[PDB]
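A.B. asks: just coords:
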């Protein structure tokens, strides 16, 4: 009764999501308990013959008896696309919001994996208790609803992992952030913040979605023929905007691609979308309408939209191809991994006689916090140590500069590569070890 248990050693190890924006996976150890935070995929970067890339988890396998859980922040492919592959190697519980869990189950069914999985749905009131720590959660604002940040409580203070977030006052309901809970976490004491760097190079605030939606309306109103929208199947913000605008322009909407069809059906049943009746049509009926009465939302059979758009542009798609006069709206976050395929696909679309709605100040990728939003998270959390993740190295550097601006000690900011081990022993935080890391190519 007189002795309280107290934590001694911490390790933080990125296995994916640094040096890239995708395949996020962060291992946190507190003494003899290990936690996996996200388990994403990345679509192939000239990688020929690859469908997806997932993190090498050999370090976790070597230590698997200590893995107490996989905690999933949100249902983007870059956060959950590797989960089924992880579960074929190791049997640990999977914690996530009601939507994230439903999406993981759909992935397991799609790969016909029959193994018993221990899912545990959490929300912002859940506190998961382990031997060494407790884990709590808080709502964030992502491009998919029901996203959660993760807070691992230790005797040194909390280890906070944000996942994807932005601060946008126009997003409410299942996108509303837990600002008061975040402030309480910061006030109680944050030992380490692990935060999203994807848009850390961009000044200001990301554009609010109400303004993006109005600009999408203006652009789509000018489209004289068919409109093809290319986005991730997880981009529920964009999908909802397209549905709203379609109804206002007297266009029908149809989906092209397996992951979109499944994610939408799941989410619609769960009540996540506002859908006018008679808006949606099956893809086989699109040819029956005048061109200026249709919007097609297209993603890869796997959820990678640019490859499907390239197939359509080159008249190689199995179901539906681009025709001269089509207009295209491509909604995707830029990365080093995607820039060649994006450039080539845009060229192919122009050669096919399609019109490209610009990627400019009026409309552009608007998820992930820009500099001021990242500073806001830093100022709320007031971390002792800071580990920028979810980005290429230049994005991590930009984010580290923001942390120093908000007052994090520069010697307490760690710039990590895949397989690096940050460790703390109650005295010093060090980066003095590496573990195995790398890319597993799935065909």
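C.D. replies: Received it, and whenever you're ready, just let me know what you need. Numbers count the residues shown, from 1 in each chain.
A.B. asks: Okay, the closest residue to residue 425 other than its chain neighbours and residue 28: tell me how far apart.
C.D. replies: Distances taken as CB to CB, 6 or more residues apart in numbering place residue 9 nearest to residue 425, at 5.6 Å, with adjacent residues excluded. C-beta coordinates here come from the backbone N, C-alpha and C atoms, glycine included. Here the criterion is CB to CB, to the nearest Å. By it, residue 9 lies 11 Å from residue 28.
A.B. asks: Among the two, which residue is more densely surrounded?
C.D. replies: A direct count of neighbours by other CB atoms under 10 Å for residue 9 and residue 28 places residue 28 higher, at 24 against 12.
A.B. asks: Next up, the contacts around the more buried one.
C.D. replies: Residue 28 sits next to 10, 11, 12, 13, 34, 35, 37, 152, 159, 161 when contact means CB atoms under 8 Å, 6 or more residues apart in numbering.
A.B. asks: Quick check, the second one in contact with residue 31.
C.D. replies: No - counting by CB atoms under 8 Å, no contact exists between residue 11 and residue 31, whose distance comes to 9.7 Å.
A.B. asks: For the protein, which residue occupies the most central location?
C.D. replies: Nearest to the geometric centre of the chain sits residue 76, at 4.1 Å (CA atoms, centre = their mean).
A.B. asks: now the residue lying closest to that residue once chain neighbours are set aside: how far from residue 227?
C.D. replies: Distances taken as CB to CB, 6+ apart put residue 234 closest to residue 76, at 4.5 Å, once the chain neighbours are dropped. Residue 234 sits 21 Å away from residue 227, going by CB to CB.
A.B. asks: higher neighbour count, the two?
C.D. replies: residue 234 (29 against 26).
A.B. asks: Using the three-state scheme, assign that one.
C.D. replies: Under DSSP: H, G, I helix; E, B strand; the rest coil, the three-state class of residue 234 is coil.
A.B. asks: ditto for the one 3 residues further on
C.D. replies: With three-state DSSP as the basis, the three-state label of residue 237 is helix.
A.B. asks: ok, so what distance separates it from residue 133?
C.D. replies: To residue 133, residue 237 is 33 Å away according to CB to CB.
A.B. asks: before we move on, what about residue 66?
C.D. replies: Using CB to CB, one gets 13 Å for the distance from residue 66 to residue 133.
A.B. asks: and the residue nearest to residue 76, what does it touch?
C.D. replies: Residue 234 touches 74, 75, 76, 77, 143, 144, 263, 303, counting by CB under 8 Å, 6+ apart.
A.B. asks: do the same with residue 376
C.D. replies: Counted by CB under 8 Å, 6+ apart, residue 376 has contacts 167, 369.
A.B. asks: And the helix or strand containing it, what's buried?
C.D. replies: Per DSSP states H and E: residue 376 is located in helix 371-381. The neighbour-count check on helix 371-381 (16 or more other CB atoms under 10 Å) flags 371, 373, 374, 375, 376, 377, 378, 380, 381 as buried.
A.B. asks: Likewise for stretch 205-225?
C.D. replies: For stretch 205-225, the neighbour count (16+ other CB under 10 Å) marks 205, 206, 207, 208, 209, 212, 213, 215, 216, 219, 220, 223 as buried.
A.B. asks: Take the residues you listed and write them to JSON lines, including distance to residue 311 and secondary structure.
C.D. replies: Listed next are the buried residues of stretch 205-225 as JSON lines, based on distance: CB to CB, whole Å; DSSP: H, G, I helix; E, B strand; the rest coil:
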{"residue": "205", "distance to residue 311": "36", "secondary structure": "coil"}
{"residue": "206", "distance to residue 311": "30", "secondary structure": "coil"}
{"residue": "207", "distance to residue 311": "30", "secondary structure": "coil"}
{"residue": "208", "distance to residue 311": "34", "secondary structure": "coil"}
{"residue": "209", "distance to residue 311": "29", "secondary structure": "helix"}
{"residue": "212", "distance to residue 311": "27", "secondary structure": "helix"}
{"residue": "213", "distance to residue 311": "28", "secondary structure": "helix"}
{"residue": "215", "distance to residue 311": "28", "secondary structure": "helix"}
{"residue": "216", "distance to residue 311": "24", "secondary structure": "helix"}
{"residue": "219", "distance to residue 311": "24", "secondary structure": "helix"}
{"residue": "220", "distance to residue 311": "23", "secondary structure": "helix"}
{"residue": "223", "distance to residue 311": "21", "secondary structure": "coil"}
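A.B. asks: Which of those lies at the shortest distance from residue 324?
C.D. replies: Using CB to CB, residue 223 comes nearest to residue 324 of these, at 14.0 Å.
A.B. asks: wait, isn't that closest one in contact with residue 292?
C.D. replies: Yes - counting by CB under 8 Å, residue 223 touches residue 292, with 7.3 Å between them.
A.B. asks: got a list of what the residue nearest to residue 425 touches?
C.D. replies: Shown in contact with residue 9 (CB under 8 Å, 6+ apart): 29, 30, 31, 423, 424, 425, 426.
A.B. asks: Reformat those residues as CSV; add distance to residue 108, secondary structure and neighbour count.
C.D. replies: Compiled in CSV, the contacts of residue 9 are given as follows (distance: CB to CB, whole Å; DSSP: H, G, I helix; E, B strand; the rest coil; neighbours: other CB atoms under 10 Å):
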residue, distance to residue 108, secondary structure, neighbour count
29, 27, strand, 20
30, 29, strand, 24
31, 31, coil, 17
423, 34, strand, 17
424, 35, strand, 22
425, 39, coil, 10
426, 40, coil, 11
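A.B. asks: In JSON lines, list those along with distance to residue 51.
C.D. replies: Output for the contacts of residue 9, formatted as JSON lines (distance: CB to CB, whole Å):
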{"residue": "29", "distance to residue 51": "31"}
{"residue": "30", "distance to residue 51": "35"}
{"residue": "31", "distance to residue 51": "38"}
{"residue": "423", "distance to residue 51": "35"}
{"residue": "424", "distance to residue 51": "38"}
{"residue": "425", "distance to residue 51": "42"}
{"residue": "426", "distance to residue 51": "44"}
